[PDB]
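As C-alpha cells, one chain now follows by itself in the form deposited in one PDB entry.
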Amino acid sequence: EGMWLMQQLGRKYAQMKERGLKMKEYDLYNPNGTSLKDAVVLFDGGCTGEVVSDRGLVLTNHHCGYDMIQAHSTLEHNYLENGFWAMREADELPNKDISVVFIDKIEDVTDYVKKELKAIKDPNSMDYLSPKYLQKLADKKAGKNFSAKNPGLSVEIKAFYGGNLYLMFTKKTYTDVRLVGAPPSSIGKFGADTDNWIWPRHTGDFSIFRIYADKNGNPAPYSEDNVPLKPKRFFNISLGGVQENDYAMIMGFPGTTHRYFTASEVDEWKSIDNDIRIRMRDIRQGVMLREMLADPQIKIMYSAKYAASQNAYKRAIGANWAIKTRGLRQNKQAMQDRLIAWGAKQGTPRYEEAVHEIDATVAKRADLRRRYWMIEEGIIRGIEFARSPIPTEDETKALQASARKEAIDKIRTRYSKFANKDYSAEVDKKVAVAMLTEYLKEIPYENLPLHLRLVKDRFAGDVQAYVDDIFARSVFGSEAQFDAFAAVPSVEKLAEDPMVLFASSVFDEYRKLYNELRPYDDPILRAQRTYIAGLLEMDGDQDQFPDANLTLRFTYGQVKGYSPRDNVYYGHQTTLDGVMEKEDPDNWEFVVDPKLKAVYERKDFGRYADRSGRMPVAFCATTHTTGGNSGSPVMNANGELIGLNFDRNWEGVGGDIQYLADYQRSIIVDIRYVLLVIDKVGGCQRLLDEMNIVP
C-alpha cells in the first residue's frame, strides 16, 4: 500500500515477514552499517538504478538511459536502434552530465529543525519548506568544511508529512557513469506509445551502465585514469524466477504523490486540471491526426509531438477514471470528516479550521486556475507559433552601431529553431484555429490575452482570418517573409508584428496568472501541516506513509494479476510468445528484433526459461510505485534481484492519491529476460560472468 521511509522498516518488518520476507531487517536496511540499501542509486536525477556486480555494474530502464544511448548514436553506429554492447571495459562510453547518487546515511533531524524554526517569529513563514533554509541547517549540523573533510559526500534536509518530519541524507555522488550495454529500441521500447501505461506488457525496458571512480573508489569526474567502482554492496541476480503470490519488494525514489489531498482538491484536479487537459489535447491531437494521415511527410514531422501530447492526455483519462469509479473524492472526504469528528471530541478545532482553509483557498483560486490551465493547454503547449521568436530588449536596442547584423543573426537562429524540419505552418494554422476557437469560447473578452481581443474587435469573430493574418503579415510567417525583414529590419516592424504581439501577450497572461496563483499555494501548505499532523496524531505513523518527495522509499507486495473489467483476468506474467503475437513488421512500435525472433523459434532460452519451458518477459506486483521508480530493483523474499520496475498500469495512475489494491500494479521486466537479451541478443558474456548469479 505504501512508499515507506527507511526509518519505518522496523515498524513494518513483522508485516513483511508475514507476507513472505525471509532476509534479516539489517541486511535490507542498516542505519549504522552495510545493507542492500547501499546497492540502490538515484540514476541521473529522476530514475532509480542498482549495482549488480563488484565492479560497479548498474542496471536501470532503457527509457532512463535513453538520452545517453541517443547521444552516442550516429548514422554509422546507431546504438539506439541496434543496441550497444561494449566487449571490454575500455569500450564503455563515458557520459557528460550524468550522475549516480548513493544514500550513505539517513538521519531523523525533526527536533533539530523544529527547534531552529522557533527562531522565525513570522508564524506564516515558509522557511520550514525552503530548500535554501534547510540547506543552511544541513550545513550547520554537518559541519563547515563537511564536503572537504568527507570527499564525495554531501548533506541534504528534506521535509516530510507537510513539515512534520525532517530527515537529513548523506549522499555520495559519482559523475563518471559509462554506458555498458543496451538492447535495440525494438526490445527496450517494444510497446512504444501503444503499450505505454499498459498491462499485459512485453517490453525489455533495460540498459546497463558502470560507475567509475578514482584509484581509491572515491567519486571523480570523467578521467581516462578512472577505474571501475568496487562497491561495498551489490545485488545478486536470482534465476529462480517468480510464481503467482510470491513476495516482492522494491527500493527506489518515487517522485510525488498527493495522499493527503482534501476532497475539494480531488474535485479541482478532476474538473480543472484533468478536464481541461483532456478537452484541449483531444482538439490538438484530432487536428494532428487528420494531417498526419493525409500527408506521410506530416506524419514524419509530427509523430513525436503527437506522441508527447498523448502521454499526459492518457494519464489524465486514467486519473479521471479512478475519480469516477474508485470513489477517490469520497474516501478523502471520509478521511477529513473522521479527523474533524476526532478533533471535536478532543476539543481542538485547528484540524477542522485547516480543512476549511484548504477548501476556501481551492474555491477562491478556481477561476484563476481554470484560466491558467486553459492558456497552458490551449495556447502555450497547444499552438506552436506561441513559442515563436520574441526579440529581446537588447536586440531591439541594437536594431534602433553595426551590431544590427548580430541581432538579425540571433533572431534568425531562434526563427530556424521554431520553423525547423518538423514544423509545418499550415498544420500549425489548422491546430491554432481549432484551439483558439475552443479557448475564445471558454475565456471571456475581459480575461483574454490582449492580442486575442482583435478576434472580436478587428476580425469580426473570424478566428481563421485572424490566424491567416498572423502568418500573412508576420516576419516569422515564412522564410521569404523573414529574409525580407532581415534585409530591411526596422524596430517599428517588430513592435507591430502580429506573431510577435500574439506570442508576447499570450506569455504575459501566462506569467500574470502564474504570479496571481502562486500566493494561494502557501495557505494550503500551512494548513496541510496541521491537517497531516492531526491525521498522524489520530491514526499513527504505522498504516500511513509520507508523500513521495524524490527520496529513497521501500514498498512491498506480491506478484499478482488483476481483473480490469467484468469477465476479464490479466495474469501476473507475460512471455516471449506475447511479443511474437504482437509482431507487426509494418508498425515501428511492434517490429521484433531478428535475433530475438530466432531465439524464440529455436527455443534457445538456456537457463532463463521457466519450469514449463516458456520464456518470461515481464511480471506485475501489488507494490506501490510512481514516477521516479523507473529502474527500481525488484527483490525476492531473500533480497535477490528478480526484475526491474519500469511502469505502472493506467488503472493505477489514481494511486498517486489513493492506492488501488484491486487495480494498481507495478510493471516489472523479468531479470531472466534481461539476462536472455544480454546473452543471446548482445552476446556480451563478460556482463553475465561478473554478476553473482544464484541458481
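All residue numbers refer to positions in the sequence shown, first residue = 1.
One more form of this protein, deposited with a small molecule bound, exists but is not displayed; see below.
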Next on the checklist: Residue-level contact is defined here as any heavy atom of the residue lying within 4.5 Å of the small molecule in the deposited complex; does residue 627 satisfy this criterion?
Outcome noted: yes
Next on the checklist: in the deposited complex, does residue 647 come within 4.5 Å of the small molecule, counting heavy atoms only?
Outcome noted: yes
Item to check | the small molecule contact at residue 196 in the deposited complex, heavy atom, 4.5 Å | outcome: yes
Next on the checklist: I'd like to check something about residue 37: if you look in the deposited complex, is any of its heavy atoms closer than or equal to 4.5 Å to a heavy atom of the small molecule?
Outcome noted: no
Checklist entry - Quick one: which of 430-438, 379-387, 219-227, 618-626 gets within 4.5 Å of the small molecule in the deposited complex, going by heavy atoms? => result 618-626
